[PDB]
Number of protein chains: 4
Amino acid sequence: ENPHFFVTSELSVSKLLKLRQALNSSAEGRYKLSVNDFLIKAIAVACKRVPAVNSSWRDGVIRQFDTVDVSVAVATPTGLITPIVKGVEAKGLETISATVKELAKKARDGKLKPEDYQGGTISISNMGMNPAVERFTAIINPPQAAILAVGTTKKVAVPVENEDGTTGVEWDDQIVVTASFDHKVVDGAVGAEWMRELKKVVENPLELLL
Amino acid sequence: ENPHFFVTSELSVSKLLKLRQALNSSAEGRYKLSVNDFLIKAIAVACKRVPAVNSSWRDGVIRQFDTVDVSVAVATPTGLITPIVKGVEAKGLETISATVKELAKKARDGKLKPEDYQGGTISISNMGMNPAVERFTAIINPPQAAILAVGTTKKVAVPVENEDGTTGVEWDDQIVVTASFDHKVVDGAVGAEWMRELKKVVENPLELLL
Amino acid sequence: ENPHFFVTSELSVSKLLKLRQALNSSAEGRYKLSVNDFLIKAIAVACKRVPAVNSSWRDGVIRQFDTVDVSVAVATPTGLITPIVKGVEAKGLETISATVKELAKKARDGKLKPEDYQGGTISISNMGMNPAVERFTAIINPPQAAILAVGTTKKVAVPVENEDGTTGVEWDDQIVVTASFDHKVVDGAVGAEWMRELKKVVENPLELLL
Amino acid sequence: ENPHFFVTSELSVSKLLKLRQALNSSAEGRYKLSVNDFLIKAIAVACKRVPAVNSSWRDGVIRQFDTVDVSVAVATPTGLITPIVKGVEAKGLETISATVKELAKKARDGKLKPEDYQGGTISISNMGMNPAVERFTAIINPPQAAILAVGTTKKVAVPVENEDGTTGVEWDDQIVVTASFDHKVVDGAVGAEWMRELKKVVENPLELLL
């Protein structure tokens, strides 16, 4: 029913990894941030910058949402459930990480209420904990217009300019992301622009601070 | 009427200055962050951690506020006005800087509405643009329980341990801050704790990211 | 009601720290002296040398006291209480330290009798255990005429004359103290003289032995 | 009754000390200038540049004064008296020093007439002769709008750029000054501007010549 199209990007996470390390060292056990928390915040910023992706199909209309409620895919013994982080734009990374850990526990325990997993405006699915999944596509969760699939981290050789003008080799830690879009709502231009903003914010994570 | 007491701290801003420089260079003219925007955000975080400072005196009761609406003192040709940044906890630094510049312009133009300057929960007054004001006290703006006065930046000699075990001299850029508190509401212990959290967050500005 | 004025001094504690270390090492667990015990004794000596500070306002008269009963501010979960060390001039440092620890425990336990905290002739408040409080003012505890606020210890670069006639840098451990005085009773001259005697005795702690 | 607020500045006196030395050496006993005479003249110049500080509260009106009559606080065995140097703008430093010494003697002798100490437009209190008073606040002498408290001189390490681009240490002789202002008459902006002019004139004492 949905004309799926896929847009893929490689993202450098070296700076994000350094930032995560510094923050987790400074947390004194109050929280433990994952890469997923940073990706969720960057998604929320990008959705605020390109609201057309923050929308849903309805009969005859596109419902654009003013809030970004991110449904996070959690595998359970009974399979996939999508608890919802509401109002992500207004939450700090600590609150996001804590909420996600709590909700994922409730998910595994089967104690989620319908309001915990009914609704949401965009989904994220992160399987990067499995080293055999470098890239995958995810099926859109209707009625959302977009889903971001996030693969595992791998080291990739990248060219570095040496001071002598030779090109050396640096090893960049990259993840592959693939956005699946519903072509009724989001065309290729909007999706590519949103992917550009996501890349920009993730590779310069100080923009996550604005 | 108010038993004023004062608590003073020296704050290292070297790291904050570096961060401000990097962000302003990356802004591409979209925004121009000042030190004041960082201090406002750090204040909002500290007020969220110690809500007893985020309160107001009323006849017979302390009204504690769930939101931190920061009144920012702006000098005008007609003197002092206090436009209010509402909901600071949920705003990014870009939105804060833009809002403050807009409101300060409206203030100078005399086009502020009463709702722009009536209310607020805590005040900040920043005179650090004048190099002859290293330290000052500010008079509390009733009914708020606290006001932070922020002086100018000066270089101070600080001891540094050299690799040889000698103590060298480093030059730390420090500001002096002075909080004035209403002793009916906030005692010395709460004020000192809040000053500790402010210092901690400003000197480790990555905590401003949480 | 009280015309508060403030007099501030930086005090070298390097010698006091060395003396405290030697005494605590020699105590064999009988006692454990804090800097606060030394400051209390020095206060008692200074109050004996300048009795005009050792006085209280009454309707029409200044009641000068022959004894120095020092009220020590202790933070409790219910806030501030002021247990009284009576007859400080006649007590040794061991007795002072033991009494203060016992009374502070009773304070936290809420087991102080009125006679333990009603009265006193001068107060001390010591917040130097918080590294974010370099300087503060304390509100006078009526009817006492004076209160000494004691901030935290910091290292300060001080000039030292080298044997070659060059000026090197030494690192002096300094505390900031601020006396608040009631200008009805104590004028600036008496307060400055008393601050001079306090500085003299603290920086030459052998005078605490006389 | 008076909303007191305090503005503090560190002032370099190295150049003023050199100038005082040269002048006193050239006086051949005709006069003996103190630092206080220079501060009085600089105050008079600053008051002429910012007359709003040179004013007094009256019921319903601010009386701005065209002349600067500086009341100088003198400690006596009976305490504080404020003899008045009239028309300071038109007097040279020699006349100021001579008048101050004469009036201070009459003060100690109790031979001041009411006209010698009734009135005045601004006060100065100088306790810098006591090395234990680095900083203090003074209570405003009504109906004057401002009082300047002047602490003692201390040596402070300041950064100096060496010819090799290293940062050495220089020892600057600094005094701390604290102006107390009545917030009904003088707001923070005017007080900070006046403090700026005072600093400018004291640090570049050739401007005292204009």
# chains A, B, ... in the order shown; residues from 1 in each chain; ligands from 1
>>> closest_atom_pairs(of="chain B", to="chain A", cutoff="10 Å", atoms="only C-alpha atoms", output="CSV")
residue,atom,partner,partner_atom,distance
B:19,CA,A:206,CA,8.8
B:22,CA,A:206,CA,8.7
B:23,CA,A:206,CA,7.2
B:26,CA,A:207,CA,8.5
B:27,CA,A:207,CA,8.9
B:31,CA,A:210,CA,9.9
B:87,CA,A:90,CA,9.8
B:88,CA,A:90,CA,9.9
B:89,CA,A:90,CA,7.5
B:90,CA,A:90,CA,4.5
B:91,CA,A:90,CA,7.2
B:92,CA,A:210,CA,4.7
B:93,CA,A:210,CA,5.0
B:94,CA,A:210,CA,5.3
B:95,CA,A:210,CA,7.8
B:96,CA,A:210,CA,9.3
B:204,CA,A:26,CA,9.3
B:206,CA,A:23,CA,7.2
B:207,CA,A:23,CA,7.6
B:208,CA,A:209,CA,8.4
B:209,CA,A:209,CA,6.1
B:210,CA,A:93,CA,5.3
>>> select_by_dssp(residues="chain D", states="alpha helix (DSSP H)", output="PyMOL selection string")
chain D and resi 14-26+35-49+93-108+114-117+188-203
>>> residues_around(residues="residue 140 (chain B)", least_positions_apart="3", cutoff="9 Å", atoms="only C-alpha atoms", output="PyMOL selection string")
chain B and resi 2+4+123+143-148+180-182
>>> closest_residue(among="D:141, D:130, D:167, D:78", to="residue 154 (chain D)", atoms="only C-alpha atoms")
D:130
>>> residues_around(residues="residue 125 (chain B)", least_positions_apart="5", cutoff="9 Å", atoms="only C-alpha atoms", output="PyMOL selection string")
chain B and resi 71-74+138+147-150
>>> write_last_selection(atoms="C-alpha atoms", output="PDB file, in the first residue's frame")
ATOM      1  CA  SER B  71      13.676  37.864  34.329  1.00  0.00           C
ATOM      2  CA  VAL B  72      16.717  39.474  32.675  1.00  0.00           C
ATOM      3  CA  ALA B  73      17.613  43.011  33.764  1.00  0.00           C
ATOM      4  CA  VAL B  74      17.980  45.371  30.788  1.00  0.00           C
ATOM      5  CA  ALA B 138      21.859  43.623  43.406  1.00  0.00           C
ATOM      6  CA  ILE B 147      18.915  37.672  42.443  1.00  0.00           C
ATOM      7  CA  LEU B 148      22.283  36.858  40.858  1.00  0.00           C
ATOM      8  CA  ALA B 149      24.648  39.773  40.155  1.00  0.00           C
ATOM      9  CA  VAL B 150      27.379  39.016  37.596  1.00  0.00           C
TER      10      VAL B 150
END
>>> atom_distance(atom1="CA of residue 56 (chain A)", atom2="CA of residue 119 (chain A)")
10.7 Å
>>> select_by_dssp(residues="region 59-143 of chain B", states="strand (DSSP E or B)", output="list in words")
residues 61, 62, 63, 64, 70, 71, 72, 74, 75, 76, 79, 80, 81, 84, 85, 122, 123, 124, 125, 126, 135 and 136 of chain B
>>> write_last_selection(atoms="N, CA, C and O atoms", output="PDB file, in the first residue's frame")
ATOM      1  N   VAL B  61       2.668  31.828  52.887  1.00  0.00           N
ATOM      2  CA  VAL B  61       3.097  30.657  52.129  1.00  0.00           C
ATOM      3  C   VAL B  61       4.276  30.982  51.228  1.00  0.00           C
ATOM      4  O   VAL B  61       4.494  32.128  50.827  1.00  0.00           O
ATOM      5  N   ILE B  62       5.089  29.963  50.982  1.00  0.00           N
ATOM      6  CA  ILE B  62       6.057  29.962  49.898  1.00  0.00           C
ATOM      7  C   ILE B  62       5.450  29.289  48.675  1.00  0.00           C
ATOM      8  O   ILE B  62       5.138  28.093  48.707  1.00  0.00           O
ATOM      9  N   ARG B  63       5.288  30.048  47.600  1.00  0.00           N
ATOM     10  CA  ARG B  63       4.846  29.513  46.316  1.00  0.00           C
ATOM     11  C   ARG B  63       6.079  28.994  45.590  1.00  0.00           C
ATOM     12  O   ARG B  63       6.861  29.785  45.055  1.00  0.00           O
ATOM     13  N   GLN B  64       6.278  27.681  45.586  1.00  0.00           N
ATOM     14  CA  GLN B  64       7.272  27.084  44.705  1.00  0.00           C
ATOM     15  C   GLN B  64       6.748  26.911  43.283  1.00  0.00           C
ATOM     16  O   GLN B  64       5.626  26.446  43.072  1.00  0.00           O
ATOM     17  N   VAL B  70      12.962  33.220  33.790  1.00  0.00           N
ATOM     18  CA  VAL B  70      14.067  34.082  34.204  1.00  0.00           C
ATOM     19  C   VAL B  70      13.871  35.504  33.691  1.00  0.00           C
ATOM     20  O   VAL B  70      13.863  35.744  32.480  1.00  0.00           O
ATOM     21  N   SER B  71      13.654  36.435  34.615  1.00  0.00           N
ATOM     22  CA  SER B  71      13.676  37.864  34.329  1.00  0.00           C
ATOM     23  C   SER B  71      15.103  38.368  34.140  1.00  0.00           C
ATOM     24  O   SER B  71      15.941  38.218  35.036  1.00  0.00           O
ATOM     25  N   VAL B  72      15.384  38.969  32.990  1.00  0.00           N
ATOM     26  CA  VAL B  72      16.717  39.474  32.675  1.00  0.00           C
ATOM     27  C   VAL B  72      16.692  40.995  32.732  1.00  0.00           C
ATOM     28  O   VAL B  72      15.954  41.639  31.980  1.00  0.00           O
ATOM     29  N   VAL B  74      17.530  44.624  31.955  1.00  0.00           N
ATOM     30  CA  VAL B  74      17.980  45.371  30.788  1.00  0.00           C
ATOM     31  C   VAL B  74      17.917  46.851  31.134  1.00  0.00           C
ATOM     32  O   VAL B  74      16.850  47.368  31.491  1.00  0.00           O
ATOM     33  N   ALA B  75      19.064  47.518  31.050  1.00  0.00           N
ATOM     34  CA  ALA B  75      19.132  48.966  31.178  1.00  0.00           C
ATOM     35  C   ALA B  75      18.550  49.649  29.950  1.00  0.00           C
ATOM     36  O   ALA B  75      18.867  49.287  28.813  1.00  0.00           O
ATOM     37  N   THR B  76      17.703  50.637  30.189  1.00  0.00           N
ATOM     38  CA  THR B  76      17.084  51.477  29.179  1.00  0.00           C
ATOM     39  C   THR B  76      17.332  52.932  29.531  1.00  0.00           C
ATOM     40  O   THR B  76      17.743  53.242  30.654  1.00  0.00           O
ATOM     41  N   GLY B  79      15.811  53.495  32.417  1.00  0.00           N
ATOM     42  CA  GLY B  79      16.346  52.709  33.510  1.00  0.00           C
ATOM     43  C   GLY B  79      16.072  51.232  33.296  1.00  0.00           C
ATOM     44  O   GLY B  79      16.136  50.731  32.178  1.00  0.00           O
ATOM     45  N   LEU B  80      15.783  50.555  34.398  1.00  0.00           N
ATOM     46  CA  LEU B  80      15.823  49.102  34.448  1.00  0.00           C
ATOM     47  C   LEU B  80      14.462  48.517  34.091  1.00  0.00           C
ATOM     48  O   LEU B  80      13.437  48.947  34.630  1.00  0.00           O
ATOM     49  N   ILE B  81      14.450  47.535  33.191  1.00  0.00           N
ATOM     50  CA  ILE B  81      13.242  46.762  32.940  1.00  0.00           C
ATOM     51  C   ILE B  81      13.628  45.289  32.931  1.00  0.00           C
ATOM     52  O   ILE B  81      14.780  44.935  32.669  1.00  0.00           O
ATOM     53  N   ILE B  84      10.984  38.821  30.522  1.00  0.00           N
ATOM     54  CA  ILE B  84      10.943  37.476  31.090  1.00  0.00           C
ATOM     55  C   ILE B  84      11.151  36.460  29.978  1.00  0.00           C
ATOM     56  O   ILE B  84      10.376  36.425  29.017  1.00  0.00           O
ATOM     57  N   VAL B  85      12.185  35.635  30.101  1.00  0.00           N
ATOM     58  CA  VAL B  85      12.309  34.419  29.305  1.00  0.00           C
ATOM     59  C   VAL B  85      11.557  33.275  29.974  1.00  0.00           C
ATOM     60  O   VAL B  85      11.987  32.768  31.019  1.00  0.00           O
ATOM     61  N   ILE B 122      12.945  34.270  38.944  1.00  0.00           N
ATOM     62  CA  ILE B 122      14.284  34.604  39.404  1.00  0.00           C
ATOM     63  C   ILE B 122      14.818  35.629  38.424  1.00  0.00           C
ATOM     64  O   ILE B 122      14.442  35.635  37.250  1.00  0.00           O
ATOM     65  N   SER B 123      15.707  36.491  38.894  1.00  0.00           N
ATOM     66  CA  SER B 123      16.283  37.519  38.047  1.00  0.00           C
ATOM     67  C   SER B 123      17.765  37.276  37.848  1.00  0.00           C
ATOM     68  O   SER B 123      18.419  36.649  38.684  1.00  0.00           O
ATOM     69  N   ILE B 124      18.277  37.761  36.730  1.00  0.00           N
ATOM     70  CA  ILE B 124      19.708  37.891  36.506  1.00  0.00           C
ATOM     71  C   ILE B 124      19.980  39.324  36.084  1.00  0.00           C
ATOM     72  O   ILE B 124      19.246  39.889  35.262  1.00  0.00           O
ATOM     73  N   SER B 125      21.030  39.912  36.642  1.00  0.00           N
ATOM     74  CA  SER B 125      21.557  41.200  36.211  1.00  0.00           C
ATOM     75  C   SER B 125      23.022  41.052  35.843  1.00  0.00           C
ATOM     76  O   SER B 125      23.831  40.629  36.676  1.00  0.00           O
ATOM     77  N   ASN B 126      23.368  41.397  34.607  1.00  0.00           N
ATOM     78  CA  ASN B 126      24.725  41.211  34.107  1.00  0.00           C
ATOM     79  C   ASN B 126      25.276  42.562  33.680  1.00  0.00           C
ATOM     80  O   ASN B 126      24.834  43.131  32.679  1.00  0.00           O
ATOM     81  N   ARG B 135      32.775  43.348  41.077  1.00  0.00           N
ATOM     82  CA  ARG B 135      31.786  42.716  41.930  1.00  0.00           C
ATOM     83  C   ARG B 135      30.747  43.750  42.309  1.00  0.00           C
ATOM     84  O   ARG B 135      31.085  44.912  42.547  1.00  0.00           O
ATOM     85  N   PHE B 136      29.487  43.337  42.372  1.00  0.00           N
ATOM     86  CA  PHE B 136      28.474  44.189  42.963  1.00  0.00           C
ATOM     87  C   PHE B 136      27.370  43.331  43.551  1.00  0.00           C
ATOM     88  O   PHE B 136      27.261  42.142  43.257  1.00  0.00           O
TER      89      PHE B 136
END
>>> closest_residue(among="C:38, C:194, C:203, C:3", to="residue 20 (chain C)", atoms="only C-alpha atoms")
C:38
>>> atom_distance(atom1="CA of residue 41 (chain B)", atom2="CA of residue 112 (chain B)")
22.8 Å
>>> atom_distance(atom1="CA of residue 101 (chain A)", atom2="CA of residue 49 (chain B)")
21.7 Å
>>> residues_around(residues="residue 118 (chain B)", least_positions_apart="3", cutoff="9 Å", atoms="only C-alpha atoms", output="VMD selection string")
chain B and resid 82 to 84 113 to 115
